[PDB]
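Below is one structure, written out as structure tokens; comments come after it.
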Amino acid sequence: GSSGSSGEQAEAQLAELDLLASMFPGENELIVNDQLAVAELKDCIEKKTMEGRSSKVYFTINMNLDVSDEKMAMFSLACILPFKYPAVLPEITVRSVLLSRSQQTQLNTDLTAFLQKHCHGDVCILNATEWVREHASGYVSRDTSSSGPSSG
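If you count the sequence shown from 1, you need to add 534 to reach the working numbering.
So this is what it looks like as structure tokens:
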């Protein structure tokens, strides 16, 4: 007895992407540079030949959150879906002028771990964005206001 549709892997990825798009109705919330990738993932399923996908699904996610000094900033999350997912977790790389080379590094290294533990062997790209907005803000360190006002 045949179950579901062949090449479930391809459908496992596309499905999510299609959903995310909705999760972010905003105009400047999520932007995908490598659109062709998706197209191949949609056709590969129909043709059921799994012979085309030559580029990885690259798409950045802009999330507006606060870090410090009652200020806000944009957080770019370069998410990349490999040809294994859910097999192997994506290569989500968070970047933001706010975070420095050192910090940013540690941050990312963590963002990945989160899933490796919580989300392992499944299609959950959101679970991450949620773990970031929380940690991210923390990582960002801004000190432009000291205590003890001086008069005169």
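Ideal placement from N, C-alpha and C gives every residue a C-beta, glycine not left out.
C-beta atoms of residue i and residue j nearer than 8 angstroms
{"i": "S630", "j": "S602", "result": "no"}
{"i": "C613", "j": "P624", "result": "yes"}
{"i": "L615", "j": "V628", "result": "no"}
{"i": "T594", "j": "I626", "result": "no"}
{"i": "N596", "j": "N567", "result": "no"}
{"i": "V657", "j": "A546", "result": "yes"}
{"i": "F648", "j": "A670", "result": "no"}
{"i": "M584", "j": "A544", "result": "yes"}
{"i": "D600", "j": "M606", "result": "yes"}
{"i": "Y592", "j": "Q637", "result": "no"}
Proximity to residue i [Cα-Cα], best of the options
{"i": "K576", "options": "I565, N562, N567, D552", "result": "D552"}
{"i": "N598", "options": "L554, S537, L632, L645", "result": "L632"}
{"i": "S675", "options": "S634, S540, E563, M608", "result": "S634"}
{"i": "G538", "options": "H654, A647, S636, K582", "result": "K582"}
{"i": "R587", "options": "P683, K618, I659", "result": "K618"}
{"i": "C578", "options": "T643, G535, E542", "result": "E542"}
{"i": "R667", "options": "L641, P683, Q650", "result": "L641"}
{"i": "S556", "options": "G682, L660, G655, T678", "result": "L660"}
{"i": "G655", "options": "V622, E580, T639, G682", "result": "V622"}
{"i": "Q569", "options": "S589, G560, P559", "result": "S589"}
{"i": "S540", "options": "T678, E580, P559", "result": "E580"}
{"i": "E604", "options": "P683, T643, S684, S679", "result": "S679"}
{"i": "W665", "options": "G560, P683, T643, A573", "result": "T643"}
Sheet register partners of residue i (DSSP bridge)
{"i": "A612", "result": "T594, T627"}
{"i": "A607", "result": "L599"}
> Which parts of the stretch 548-575 are runs of the beta strand (DSSP E), unbroken and 3 residues or longer, counting only runs that do not cross its ends?
Replying inline: 564-566
> Which whole runs of the alpha helix (DSSP H) in the stretch 625-673 are 4 residues long or more, in chain order?
Replying inline: 635-651, 660-673
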